[PDB]
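> Based on what follows, work out the 3D shape:
(one chain, ligands or ions: 1)
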Amino acid sequence: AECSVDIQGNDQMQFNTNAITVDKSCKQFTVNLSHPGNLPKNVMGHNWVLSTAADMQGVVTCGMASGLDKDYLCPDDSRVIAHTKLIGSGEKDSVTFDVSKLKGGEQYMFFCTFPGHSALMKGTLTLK
Ligand SMILES: [Cu+2]
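Numbering: from 1, shown residues only. Find the structure here:
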């Protein structure tokens, strides 16, 4: 089983994957996020945030006004299944979550909540 994925967010507003597969035999799944660019996090910060497709817009909106010092996420927001911190150029963060948190018939999305990023920085996550 492959129970981790490495993801990059760059200075051109791109994640390097659009779709993440979580092998259902994994008890835990890990995302290792890094930022290959030169731009600092107040200009081009990225996080990796997971929610159901239905919840994505609310999480993104709640985040846009939570501000930079809250990593553009509403604190202790239970719609967020898992998230990293907001990182800038040359930084990295990882998150590990319980695969039991994923419902098998549900649609999940991952995205960055830095204001405006999620138009491009989004993809699917699928338990299979
Ligand atoms: Cu971003």
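
> Spell out which parts of the chain neighbour the ion.
46, 112, 114, 117, 121 (CB under 5 Å from the ion). Every C-beta, even on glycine, is put in place using the N, C-alpha and C of the backbone.

> if I pick the first one, what's in contact with it?
If I follow you right, that is residue 46. Contacts for residue 46 (CB atoms under 8 Å, 6 or more residues apart in numbering) come out as 9, 15, 33, 35, 86-87, 112, 114, 117, 121.

> show me the contacts for the most centrally placed residue in the chain.
In the chain, the C-alpha closest to the average C-alpha coordinate belongs to residue 48, at a distance of 1.8 Å (CA atoms, centre = their mean). Neighbouring residues of residue 48 by CB under 8 Å, 6+ apart: 7, 9, 15, 31, 33, 83-84, 95, 110, 112.

> got a list of contacts for the longest helix seen in the chain?
As assigned by DSSP state H, the longest helix anywhere in the chain is helix 53-64. The contact list for helix 53-64 (CB under 8 Å, 6+ apart) reads 49, 51, 70, 72-74, 77, 79-80, 107-109, 111, 113, 115, 118, 122.
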